[PDB]
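Undergrad: Chains as they are written, first to last, in the entry's author numbering: chain E, 333 to 527; chain L, 1 to 214; chain B, 1 to 215; chain H, 1 to 136, 142 to 222; chain A, 1 to 133, 139 to 219. First, the structure itself, so that you have it in front of you.
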Amino acid sequence: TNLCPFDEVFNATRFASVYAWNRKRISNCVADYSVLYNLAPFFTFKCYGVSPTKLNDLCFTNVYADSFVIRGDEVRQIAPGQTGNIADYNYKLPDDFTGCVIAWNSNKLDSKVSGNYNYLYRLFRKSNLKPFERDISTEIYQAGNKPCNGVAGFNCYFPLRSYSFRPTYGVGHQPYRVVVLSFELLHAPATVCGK
Amino acid sequence: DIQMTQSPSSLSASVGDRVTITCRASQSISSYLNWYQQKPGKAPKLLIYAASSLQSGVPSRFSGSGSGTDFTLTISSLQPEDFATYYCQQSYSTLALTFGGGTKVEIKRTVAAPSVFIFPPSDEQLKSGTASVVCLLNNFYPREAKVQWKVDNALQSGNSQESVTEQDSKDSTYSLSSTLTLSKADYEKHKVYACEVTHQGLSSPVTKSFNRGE
Amino acid sequence: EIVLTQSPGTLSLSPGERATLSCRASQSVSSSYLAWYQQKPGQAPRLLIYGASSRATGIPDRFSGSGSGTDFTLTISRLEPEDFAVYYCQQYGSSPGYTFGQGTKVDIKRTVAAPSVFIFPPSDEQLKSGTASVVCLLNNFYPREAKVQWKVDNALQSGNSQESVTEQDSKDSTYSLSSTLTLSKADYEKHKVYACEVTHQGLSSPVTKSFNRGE
Amino acid sequence: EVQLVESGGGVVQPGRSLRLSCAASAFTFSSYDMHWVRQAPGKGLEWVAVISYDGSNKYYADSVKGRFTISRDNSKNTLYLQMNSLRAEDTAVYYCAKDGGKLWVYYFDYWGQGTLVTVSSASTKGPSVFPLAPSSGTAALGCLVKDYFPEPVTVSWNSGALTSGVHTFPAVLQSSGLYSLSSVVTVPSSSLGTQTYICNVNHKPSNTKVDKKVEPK
Amino acid sequence: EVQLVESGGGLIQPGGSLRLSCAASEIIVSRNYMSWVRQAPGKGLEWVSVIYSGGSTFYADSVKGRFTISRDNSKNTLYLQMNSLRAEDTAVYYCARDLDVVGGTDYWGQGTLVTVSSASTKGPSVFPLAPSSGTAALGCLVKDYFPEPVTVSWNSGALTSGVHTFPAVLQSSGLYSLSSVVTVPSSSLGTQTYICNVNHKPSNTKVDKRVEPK
């Protein structure tokens with residue numbers, strides 16, 4: 333009677349950057365849906381392809397728990413069929429995404445007075461990300477005609493930037509911790525059931 | 001949220017026709033599209049769920065197709081009890097269920113030009129400090145009509161309201177009343193009051209006017 | 001969205017003085033999301049500073065920026081006559097796209113300069129078309145205020161001319177005015193002396209440049 | 001054969017509270033999800049809230065979040081909706097809908113007749129009836150029922166004897182928070198000098214009945 | 001050698017279409033944030049659209065549904081298709097590469113003018129201004150043309166110092182009129198020849214005119 337490790341994902345002390353988003357593979361457990369069952373109004377809760385009141389009555393093959401950090405103006409992109417720097421270059425959700433997204437304002441946790449430059453994001457990429465693609469490459473992005481060869485220069489920039497979360501910023505520039513729960517049902521034994 | 005767009009907003013058809021209503025979603029909603037009928041003053045009724053599945057009790061003349069963003073409700077043979085509004089509703093974002101603008105299937109008939117009437121404010125109301133000028137458009141088809149107010153040949157804007165009736169149960173026409181509300185002071189400061197009606201059944205815009213005190 | 005508001009609207013300073021151009025955002029954004037642009041007349045804007053404080057490549061040392069939150073500043077020390085332009089601040093924190101500021105116009109003062117008055121009769125290639133355009137030219141003067149009075153046989157011409165002033169020059173910071181007196185070919189021969197009176201602060205007395213038709 | 005019957009709707013001042021009910025019949029109530037969907041006068045449908053079959057799960061739309069509270073009593077087969085801090089925009093007909101349950105997502109297969117909830121800071125006011133005199142083959146004359154609250158009003162002509170050519174228009178909500186409508190009738194111009202036209206206006210909320218005689222000026 | 005050369009502006013009737021180009025050199029359009037910024041005559045700057053290296057497009061609320069930004073990697077050219085143009089769309093349109101936090105918007109195009117009007121394009125008329133009796142002055146007169154702008158240079162751009170090209174004036178005849186002058190030393194009058202180069206892209210009229218004393 334193992335319980336699905338959801339506390340380890342929501343109650344984590346440190347979250348990942350959006351470009352290197354962390355994923356916890358949860359399987360063969362009993363799902364105590366309660367972290368999402370009754371969520372307060374100050375929680376952004378959007379489910380796609382599945383109803384939350386029905387999750388206790390469904391068994392899935394695997395459930396994926398993706399967690400990372402973005403700013404408030406970018407949470408609208410963590411959704412199926414969305415475009416933008418986060419959706420295209422950091423964390424993309426498919427068009428037929430089956431699962432829920434959870435986001436809450438973490439300005440009291442991830443924002444320092446002198447700036448919290450620890451959280452990063454990808455600004456430049458040659459093409460868009462496929463759904464559930466994770467690109468941790470830090471190769472100098474070529475924006476011009478001459479090859480970079482690992483040289484930061486004109487039309488040759490480092491593809492990652494910092495967020496600089498300061499508490500005195502607006503709500504759209506404050507850090508939001510996002511947890512994306514994917515519910516997968518493939519030709520396999522269903523093991524993640526509810527109770 | 002996800003925006004559902006329904007075209008057309010209103011269509012005219014007669015009994016026996018084949019009516020097809022369109023429904024577009026701003027993003028792919030898989031096959032989770034639903035169709036609802038609602039008569040005036042009554043509750044909405046479910047027709048099609050999951051894009052195409054027919055709800056029990058609903059006649060077989062209703063059907064749905066489409067997947068992704070484009071969806072289509074089809075009535076093979078329109079019946080008299082099928083003249084109503086039809087809403088499409090997406091259920092992909094289960095925590096953000098959104099409906100469409102609806103399509104009103106009206107009874108089609110020949111074009112009928114409106115009978116324009118204009119009424120000055122009564123002397124009784126003028127003793128209370130308010131003037132109400134009424135412009136009547138009587139028994140026209142279709143519902144589309146433009147009503148402009150002119151006071152001393154000066155176009156009015158922001159002081160009038162319209163009201164339209166449902167399709168008449170005998171000739172399937174509409175009637176509209178536009179109410180221009182002025183203070184008694186502003187009413188006495190002008191002479192020529194007119195409303196200009198633009199309709200399809202009119203060769204030119206018809207203007208009905210009156211002169212205050214005549 | 002985010003609204004950007006600059007101040008002041010117009011700033012007139014002597015060469016060598018210090019300018020201070022303000023800019024503020026409706027929401028408290030990071031200092032790294034602001035940028036300043038200079039647009040001289042007839043040109044596209046060029047980047048001066050990005051990230052509020054970092055100077056672009058090839059921009060002189062006298063252009064410096066500072067500020068964070070909702071209080072950003074552009075300082076132009078050692079103002080030069082080639083700094084005559086409109087300066088915009090922009091923000092790219094409300095992605096996608098950016099939002100520009102209302103713009104601060106920077107005029108440049110100098111010493112009074114008298115205009116050089118030239119007058120041009122209408123060309124023969126033009127008189128064959130039916131119109132006759134007399135042109136008077138005021139070249140390189142300061143300040144902008146200069147009255148042009150057309151005298152046709154010592155009769156003041158009203159409702160018959162159109163003036164045109166240029167932007168401040170990038171080197172001498174003067175203006176130039178072009179008054180054009182258009183009148184028909186038939187009415188061009190009814191009169192004889194076509195003059196051009198010029199009154200300016202740099203003239204101890206109004207200066208008139210005229211000519212005679214056929215001389 | 002599935003029945004849903006609402007109650008509890010009425011007139012309420014802004015910022016006050018109101019509670020709705022929804023009696024379920026002829027189906028296993030305690031095993032289906034339940035929804036609330038509202039519809040403003042003349043507008044489309046808007047989903048409000050959902051509660052699980054056992055009532056342990058509650059979810060709300062962003063326009064009613066933290067302001068409404070949905071609950072259910074499976075021993076009484078009734079669905080509830082506690083509405084606090086009511087705004088003027090909450091003015092709508094509130095339907096309770098049963099979840100179809102066959103799909104992984106939500107869809108409403110049966111609705112209640114609906115109950116009206118009007119939010120306004122205007123007190124009950126009787127209507128003032130002013131005549132619409134005919135112009136001095143067919144003529145038009147009517148009555149103007151102006152400034153009343155709340156809805157509805159009933160207008161007859163000649164105590165019901167005259168129903169042909171009568172068009173009673175829907176009430177419009179003026180900028181003063183008071184309703185106003187017009188009722189008209191078209192008659193032959195020959196009967197203007199030989200027939201008395203009386204409109205019978207009735208407003209039960211304020212208990213105000215006004216008979217007005219329309220005559221040419 | 002970093003250029004952003006624009007082309008394709010001119011006069012277009014209201015409700016018509018026009019397509020702007022942004023030829024790029026040494027900068028690859030398909031691997032950069034490329035935007036279109038417009039500036040109404042006498043107003044500030046307005047961002048219109050952007051395209052990402054991944055292909056994502058975004059438009060401002062003032063051009064949504066009417067503009068379409070595209071590109072062609074083989075030609076390395078950014079495009080902007082404009083449909084349903086009106087009076088407000090008259091502006092000087094710029095393309096520019098966006099660097100966001102890592103450099104703002106460094107390189108800009110020279111900008112092409114889009115005039116939306118219901119008037120005919122009339123070619124200019126260039127008339128000389130011969131000098132009369139310390140230094141001397143002469144120039145050309147670019148009269149009766151529509152619409153803006155006209156580019157005037159002297160000796161194919163070889164004569165920069167001393168030239169004053171005046172702004173156009175809207176005369177009563179609906180057309181424009183523009184004066185361009187240059188002060189030159191009186192000594193090099195007969196030995197140095199002066200020619201003004203007047204170009205009118207909307208009417209496709211290029212005229213070179215000789216100026217010499219009577």
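From the three backbone atoms N, C-alpha and C, an ideal C-beta is built for every residue, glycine too.
Output, in sequence order along the chain, the residues in the stretch 443 to 454 of chain E whose CB is closer than 9 Å to any CB in chain B.
TA: The residues in question are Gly447.
Undergrad: DSSP state of residue 216 (chain B), grouped into three classes?
TA: There is no way to answer for residue 216 (chain B), as the model of chain B reaches only from 1 to 215.
Undergrad: By the DSSP assignment, the alpha helix (DSSP H) with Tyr188 (chain B) in it spans what residues?
TA: Translated into positions along the third sequence, residue 188 (chain B) becomes position 188. 185 to 188 is the span of the alpha helix (DSSP H), which, as asked, contains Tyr188 (chain B).
Undergrad: Using beta carbons (cut-off 8 Å, strictly below), is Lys378 (chain E) in contact with chain L?
TA: Stepping through the first sequence from its first residue, residue 378 (chain E) is reached at position 46. Cβ-Cβ to chain L under 8 Å: yes for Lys378 (chain E).
Undergrad: In chain B, which residues lie less than 9 Å from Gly485 (chain E) when you measure between Cβ atoms?
TA: Reading the first sequence from its first residue, position 153 is the one you call residue 485 (chain E). Under the 9 Å cutoff, chain B gives no residues; its nearest Cβ is about 10 Å from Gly485 (chain E).
Undergrad: Based on DSSP bridge pairs, tell me the residues matched to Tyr59 (chain A).
TA: Position 59 of the fifth sequence holds residue 59 (chain A). DSSP output for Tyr59 (chain A) lists A:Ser49 as bridge partner(s).
Undergrad: Helix, strand or coil for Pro128 (chain A), going by three-state DSSP, please let me know.
TA: The sequence position of residue 128 (chain A) within the fifth sequence is 128, counting from 1. In the structure shown, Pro128 (chain A) sits in a strand (DSSP, three-state: E or B).
Undergrad: For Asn202 (chain A), which option in A:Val168, A:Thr156, A:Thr196 has the closest C-alpha, if you only look at C-alpha atoms?
TA: Numbered from its first residue, the fifth sequence carries residue 202 (chain A) at position 197. By alpha-carbon distance to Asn202 (chain A), the top candidate from A:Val168, A:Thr156, A:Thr196 is A:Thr156.
Undergrad: Mind checking the stretch 175 to 206 of chain B against chain A and listing, in chain order, the residues whose C-beta falls within less than 8 Å of any C-beta there?
TA: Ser176, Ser178, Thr180, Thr182
Undergrad: When the Cβ atoms of the stretch 108 to 126 of chain H are set against those of the stretch 59 to 71 of chain H, are three or more pairs found closer than 8 Å?
TA: no
Undergrad: On the CB-based measure, 16 or more other CB atoms within 10 Å of its CB, does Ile434 (chain E) come out buried or exposed?
TA: Walking along the first sequence from the start, residue 434 (chain E) turns up at place 102. Counting Cβ neighbours within 10 Å, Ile434 (chain E) comes out buried, since at least 16 surround it.
Undergrad: Say whether chain L places a C-beta atom closer than 8 Å to the C-beta of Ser383 (chain E).
TA: Taking the first sequence and counting its residues from 1, one reaches residue 383 (chain E) at position 51. So yes, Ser383 (chain E) belongs to the interface.
Undergrad: DSSP state of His199 (chain L), grouped into three classes?
TA: If you number the second sequence from 1, residue 199 (chain L) lands on position 199. Reduced to three states, the DSSP call for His199 (chain L) is coil.
Undergrad: Touching or not, the stretch 19 to 27 of chain L and the stretch 469 to 484 of chain E, by the rule of three or more beta carbon pairs under 8 Å?
TA: no
Undergrad: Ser173 (chain B): buried (16+ other C-beta within 10 angstroms of its C-beta) or exposed?
TA: Looking up residue 173 (chain B) in the third sequence gives position 173. Classification for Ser173 (chain B): buried.
Undergrad: Does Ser133 (chain A) come out as helix, strand or coil in the three-state DSSP assignment?
TA: Residue 133 (chain A) sits at position 133 when you count from the first residue of the fifth sequence. The answer is coil: DSSP assigns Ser133 (chain A) none of H, G, I, E or B.
Undergrad: Measuring alpha carbon to alpha carbon, tell me which of B:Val193, B:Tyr87, B:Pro96 ends up nearest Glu406 (chain E).
TA: Within the first sequence, numbered from 1, the residue matching residue 406 (chain E) stands at position 74. If we check each option's Cα against that of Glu406 (chain E), B:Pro96 comes out closest.
Undergrad: Within the same chain, show all residues whose beta-carbon is closer than 6 Å to that of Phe72 (chain B), passing over the 5 residues directly before and after it, in chain order.
TA: In the third sequence, residue 72 (chain B) corresponds to position 72, counting from 1. The residues are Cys23, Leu34, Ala52.
Undergrad: List the whole-angstrom C-beta distance separating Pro14 (chain H) from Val119 (chain H), where the pair is believed to meet the contact cut-off of C-beta under 8 Å.
TA: Translated into positions along the fourth sequence, residue 14 (chain H) becomes position 14. Translated into positions along the fourth sequence, residue 119 (chain H) becomes position 119. Confirmed, about 6 Å.
Undergrad: Given a limit of 7 Å on CB to CB distance, which residues of the stretch 400 to 420 of chain E reach chain H?
TA: If the cut-off is 7 Å between Cβ atoms, the stretch 400 to 420 of chain E has nothing near chain H.
Undergrad: I'd like to know whether the C-beta of residue 137 (chain A) is nearer than 8 Å to at least one C-beta of chain E.
TA: The model contains no atoms for residue 137 (chain A), which sits in the stretch where chain A goes from 133 to 139 directly.
Undergrad: In the stretch 414 to 501 of chain E, which residue ranges form an unbroken alpha helix (DSSP H) of at least 4 residues, counting only runs that do not cross its ends?
TA: 417 to 421
Undergrad: With burial defined as no fewer than 16 other Cβ atoms inside 10 Å of the residue's Cβ, what is the status of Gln89 (chain L): buried or exposed?
TA: Position 89 of the second sequence, counting from 1, holds the residue named residue 89 (chain L). Answer is buried; the Cβ neighbour count reaches 16.
Undergrad: Taking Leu99 (chain A) as the reference, give the member of B:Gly65, B:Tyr50, B:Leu79 with the closest Cα.
TA: Position 99 of the fifth sequence, counted from the first residue, corresponds to residue 99 (chain A). Among B:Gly65, B:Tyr50, B:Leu79, the Cα nearest to that of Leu99 (chain A) belongs to B:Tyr50.
Undergrad: Hey, is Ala91 (chain A) close to the ligand ATP, as in C-beta under 7 Å from one of its heavy atoms?
TA: What this structure holds is no ligand at all, so the ligand ATP is not there to describe.
Undergrad: Please look up how many angstroms separate the CB atoms of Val382 (chain E) and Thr430 (chain E), rounded, as I've assumed it's under 8 Å.
TA: Position 50 of the first sequence, counted from the start, is the residue given in the question as residue 382 (chain E). Position 98 of the first sequence, counted from the start, is the residue given in the question as residue 430 (chain E). Right, their Cβ atoms sit about 5 Å apart.
Undergrad: Looking at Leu45 (chain A) and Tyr88 (chain B), is the spacing between their C-beta atoms short of 8 Å?
TA: Within the third sequence, residue 88 (chain B) is the residue found at index 88, counting from 1. Within the fifth sequence, residue 45 (chain A) is the residue found at index 45, counting from 1. Their beta carbons are under 8 Å apart, which means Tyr88 (chain B) touches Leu45 (chain A) by this criterion.
Undergrad: Can you find at least 3 beta carbon pairs, one from the stretch 106 to 116 of chain B and one from the stretch 171 to 188 of chain B, that sit closer than 8 Å?
TA: yes
Undergrad: Measure the CB-CB distance between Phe392 (chain E) and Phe486 (chain E) and report whether it falls below 8 Å.
TA: By one-based count along the first sequence, residue 392 (chain E) stands at place 60. By one-based count along the first sequence, residue 486 (chain E) stands at place 154. Against a cut-off of 8 Å, the Cβ pair of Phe486 (chain E) and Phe392 (chain E) comes out as no contact.
Undergrad: Using C-beta distances below 6 Å, list every residue in its chain close to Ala195 (chain B), excluding the 5 sequence neighbours before and after it, in chain order.
TA: The count along the third sequence starts at 1 and reaches residue 195 (chain B) at position 195. Excluding sequence neighbours, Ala195 (chain B) sits near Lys151, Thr208, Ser210.
Undergrad: Note down, in chain order, every chain E residue with its Cβ under 7 Å from the Cβ of residue 136 (chain A).
TA: No coordinates exist for residue 136 (chain A) in the structure shown, because the numbering of chain A passes directly from 133 to 139.
Undergrad: Helix, strand or coil: how does DSSP classify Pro384 (chain E) here?
TA: Taking the first residue of the first sequence as position 1, residue 384 (chain E) is located at position 52. Helix.
Undergrad: Using a threshold of 8 Å, state whether the C-beta atoms of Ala40 (chain A) and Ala91 (chain A) are closer than that.
TA: Counted from its first residue, the fifth sequence places residue 40 (chain A) at position 40. Counted from its first residue, the fifth sequence places residue 91 (chain A) at position 91. Cβ distance < 8 Å, so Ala40 (chain A) and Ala91 (chain A) count as in contact.
Undergrad: Please work out which residues of its chain come closer than 7 Å, Cβ to Cβ, to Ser184 (chain A), disregarding the five sequence neighbours upstream and downstream, and give them in chain order.
TA: Mapped onto the fifth sequence, residue 184 (chain A) falls at position 179. So the list reads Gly144, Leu146, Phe171, once near-sequence residues are dropped.
Undergrad: Between which residues of its own chain and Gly8 (chain H) is the CB-CB distance below 8 Å, once the five residues before and five after are set aside?
TA: The residue labelled residue 8 (chain H) in the question sits at position 8 within the fourth sequence. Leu18, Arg19, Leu20, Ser21, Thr115, listed in sequence order.
Undergrad: Please tell me whether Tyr92 (chain L) has its Cβ less than 8 Å away from any Cβ of chain E.
TA: Along the second sequence, one-based indexing puts residue 92 (chain L) at 92. Closer than 8 Å: yes.
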